[PDB]
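Content type compact mmCIF, C-alpha atoms, from the file query-v1.txt:
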# COMPACT_ATOMS: atom_id res chain seq x y z
CA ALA U 1 49.60 -128.23 -184.26
CA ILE U 2 51.31 -130.43 -181.68
CA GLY U 3 49.58 -133.05 -179.56
CA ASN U 4 51.18 -136.46 -180.06
CA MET U 5 54.53 -135.37 -178.64
CA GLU U 6 57.08 -138.00 -177.61
CA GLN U 7 55.33 -138.56 -174.28
CA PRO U 8 55.12 -141.78 -172.18
CA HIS U 9 52.24 -143.15 -174.25
CA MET U 10 53.66 -146.39 -175.64
CA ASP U 11 57.05 -146.38 -173.91
CA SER U 12 56.95 -146.44 -170.11
CA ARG U 13 56.11 -144.48 -166.96
CA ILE U 14 59.06 -145.22 -164.67
CA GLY U 15 60.01 -142.73 -161.96
CA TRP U 16 58.69 -145.04 -159.25
CA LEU U 17 61.64 -143.94 -157.13
CA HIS U 18 60.54 -140.43 -158.01
CA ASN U 19 57.14 -141.09 -156.45
CA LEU U 20 57.75 -142.91 -153.17
CA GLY U 21 59.82 -139.90 -152.12
CA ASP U 22 56.73 -137.71 -151.79
CA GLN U 23 54.49 -140.57 -150.67
CA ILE U 24 56.59 -141.05 -147.53
CA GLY U 25 58.88 -138.06 -147.12
CA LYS U 26 62.50 -137.16 -147.80
CA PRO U 27 63.38 -134.09 -145.66
CA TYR U 28 67.08 -134.97 -145.67
CA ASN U 29 67.42 -138.51 -147.05
CA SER U 30 66.87 -140.81 -144.07
CA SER U 31 65.84 -144.18 -145.51
CA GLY U 32 62.28 -145.04 -146.49
CA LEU U 33 61.21 -148.14 -144.58
CA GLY U 34 57.62 -149.00 -143.70
CA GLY U 35 57.36 -148.99 -139.93
CA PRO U 36 57.47 -145.59 -138.13
CA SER U 37 55.98 -147.06 -134.95
CA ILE U 38 58.76 -149.65 -134.79
CA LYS U 39 61.66 -147.34 -135.66
CA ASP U 40 60.36 -145.18 -132.82
CA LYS U 41 59.89 -148.12 -130.46
CA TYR U 42 63.62 -148.79 -130.82
Spit out the file's structure as structure tokens when you get a sec.
Amino acid sequence: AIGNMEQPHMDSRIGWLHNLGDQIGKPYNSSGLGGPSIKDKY
């Protein structure tokens, strides 16, 4: 009967870089800055 597997319980979550990718969007790796309006204004 498993249940307390070696999961991120008392270790860490990490993967932050593996989260922002979906939050913003990585269709073909094109930076991930916060300012679409600007980047488009110039």
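CA of residue 12 (chain U) lies 24.8 Å from CA of residue 26 (chain U).
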*Would you kindly return, as a PyMOL selection string, each protein, DNA or RNA residue with an atom no farther than 9 Å from any atom of region 31-41 of chain U, considering only C-alpha atoms and excluding same-chain residues fewer than 3 positions away?*
chain U and resi 20-21+24-26
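Note that CA of residue 29 (chain U) and CA of residue 42 (chain U) are 19.6 Å apart.
Taking CA of residue 16 (chain U) and CA of residue 2 (chain U) as endpoints, the distance between them is 27.8 Å.
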